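2 protein chains.
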Amino acid sequence: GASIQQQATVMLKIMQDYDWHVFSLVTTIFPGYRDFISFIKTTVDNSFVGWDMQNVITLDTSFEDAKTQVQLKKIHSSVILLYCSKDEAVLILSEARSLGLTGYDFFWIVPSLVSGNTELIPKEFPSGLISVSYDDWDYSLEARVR
Amino acid sequence: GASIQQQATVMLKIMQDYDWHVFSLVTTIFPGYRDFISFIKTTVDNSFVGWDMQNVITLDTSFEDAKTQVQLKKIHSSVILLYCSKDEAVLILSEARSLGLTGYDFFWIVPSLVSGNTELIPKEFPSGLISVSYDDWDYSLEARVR
């Protein structure tokens, strides 16, 4: 399976193939966020697209909805990148749905980390969340061990 | 002394003289609000300024901070107009200070109604509230009766 950087490259490829050149960056206190930030910064500056990046949204704690909502309001793009654990995702998505940022154009992209069990599916995930995970169900574990 | 409409005209003159052309409208359930709304609507449409007006904020009851905060968040202007009694002003101002809308650029304008006793001064009023009242202390009651 792949690391965070390979999946981030795949995500930016997917974004390019649909010409969604305006986005932001939302990161939680989950460890390993700064490496993701640095990889994105290095990837954008050597690209043919010239992406429009809004200022990075960083959470501090479980959002009090007092000063965190101030940063959440300034998110004006259509594509949003989120890097969080599964437990915080339900809270943040309910918060955004209350803020009204859950429109059709407000796409949401998350790595394989937030997509947990296939059976466990929170109701606060809008129908159309963007996720990429290495779980290929066409290839069984027998092929893997072979 | 003057009515609500004359004081509203004076307030809009004050706003024009500082070129604060972006504002909203916050009204409570205090009686006489609809006349103020109609007067403002008629005054703006025949003006040289072309004011930017956000949607009017109307309170329903003592704010539960459940759906009222939804409307309070959408207030994004620098100039805010408030029409309320003195008892509700402390509650609403504490609510806004908790929401963080108590910045230096977030000016607050209120009529003579909310400014009660000169001695009675709540602590929740930020230093710099905008108020206009006909209490002219340079002219005594002797001149008035004369």
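First to last, the protein sequences are chains A and B.
Taking UniProt numbering, I'd label the letters of the first sequence as residues 148 to 293.
Taking UniProt numbering, I'd label the letters of the second sequence as residues 148 to 293.
For each residue, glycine too, the CB sits at the ideal point set by N, CA and C.
Original post:
Between the C-alpha atoms of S209 of chain B and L238 of chain B, what's the straight-line distance to the nearest angstrom?
Top reply: Between the alpha carbons of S209 of chain B and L238 of chain B lies a distance of about 9 Å.
Subject >> Of the residues B:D285, B:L246, B:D234 and B:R293, the one placed nearest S262 of chain B, counting alpha carbons only >> reply: Considering only alpha carbons, the answer is B:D234.
Original post:
Where in the region 214-282 of chain A do unbroken runs of the alpha helix (DSSP H), each at least 4 residues long, occur, reported from the N-terminal end onward?
Top reply: Complete alpha helix (DSSP H) runs here, min 4: 215-220 and 233-246.
**OP:** Mind checking the region 213-234 of chain A against chain B and listing, in chain order, the residues whose C-beta falls within less than 9 Å of any C-beta there?
**Re:** Residues of the region 213-234 of chain A whose Cβ lies closer than 9 Å to any Cβ of chain B, in chain order: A213, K214, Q216, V217 and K220.
**OP:** Mind checking the region 239-255 of chain B against chain A and listing, in chain order, the residues whose C-beta falls within less than 9 Å of any C-beta there?
**Re:** Answer set for the region 239-255 of chain B: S245, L246 and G247.
Subject >> Opening and closing residue of the alpha helix (DSSP H) in which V196 of chain A lies >> reply: Run containing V196 of chain A: none; DSSP gives neither H nor E here.
Subject >> Residues that DSSP places opposite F170 of chain A in a beta bridge >> reply: Answer by DSSP bridge pairing, in chain order: A:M200 and A:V226.
Original post:
What residue does the alpha helix (DSSP H) around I176 of chain B start on, and which one ends it?
Top reply: No alpha helix (DSSP H) holds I176 of chain B; DSSP gives it neither H nor E.
Original post:
Using the C-alpha atoms, what's the distance from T189 of chain B back to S280 of chain A?
Top reply: The straight-line gap separating the alpha-carbon atoms of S280 of chain A and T189 of chain B is approximately 59 Å.
Original post:
How many Å lie between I187 of chain A and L172 of chain A at the Cα?
Top reply: One C-alpha to the other measures close to 10 Å.
Original post:
Taking Cβ to Cβ, would you say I151 of chain A is nearer than 9 Å to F195 of chain A?
Top reply: Judged by beta-carbon spacing, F195 of chain A lies beyond the 9 Å limit of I151 of chain A, meaning their Cβ atoms are not closer than that value.
Subject >> Distance, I204 of chain B Cα to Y251 of chain A Cα >> reply: Using only the alpha carbons, I get a separation of about 27 Å.
Subject >> Secondary structure of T205 of chain B, DSSP reduced to three states >> reply: Strand, per DSSP.
**OP:** Specify the secondary structure class of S287 of chain A as computed by DSSP and reduced to three states.
**Re:** Coil at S287 of chain A, not helix or strand.
Original post:
Taking the alpha helix (DSSP H) that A149 of chain A falls in, what are its first and last residues?
Top reply: Note, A149 of chain A: premise wrong, no alpha helix (DSSP H); not H, not E.
Original post:
Where does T265 of chain A land, buried or exposed, given buried means 16+ other C-beta within 10 angstroms?
Top reply: Its Cβ having fewer than 16 others within 10 Å, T265 of chain A is exposed.
Original post:
Using DSSP with H/G/I as helix, E/B as strand and the rest coil, what is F183 of chain B?
Top reply: Residue state for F183 of chain B is assigned as helix, using DSSP reduced to three classes.
Subject >> Through-space distance from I222 of chain A to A155 of chain A, alpha-carbon basis >> reply: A155 of chain A and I222 of chain A have their C-alpha atoms roughly 20 Å apart.
Subject >> Close-in-space but distant-in-sequence residues of the same chain around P258 of chain B (CB under 6 Å, 5 per side omitted) >> reply: The residues are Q154.
Original post:
Which term fits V226 of chain A, buried or exposed, when burial requires 16 or more other beta carbons within 10 angstroms of its beta carbon?
Top reply: By the Cβ neighbour-count rule, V226 of chain A is buried, with 16 or more other Cβ atoms within 10 Å of its own.
**OP:** Could you check which residue in B:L267, B:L229, B:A290 and B:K220 has the C-alpha nearest to that of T175 of chain B?
**Re:** Residue nearest to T175 of chain B within the set B:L267, B:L229, B:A290 and B:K220 is B:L229 (criterion: CA-CA distance).
Original post:
In or out: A243 of chain B buried (at least 16 other Cβ within 10 Å) or exposed?
Top reply: Buried.
Original post:
What is the rounded straight-line gap between the Cα of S185 of chain A and the Cα of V191 of chain A?
Top reply: So the two alpha carbons sit approximately 10 Å from each other.
**OP:** Please state whether DSSP places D212 of chain B in a helix, a strand or coil.
**Re:** Coil at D212 of chain B, not helix or strand.
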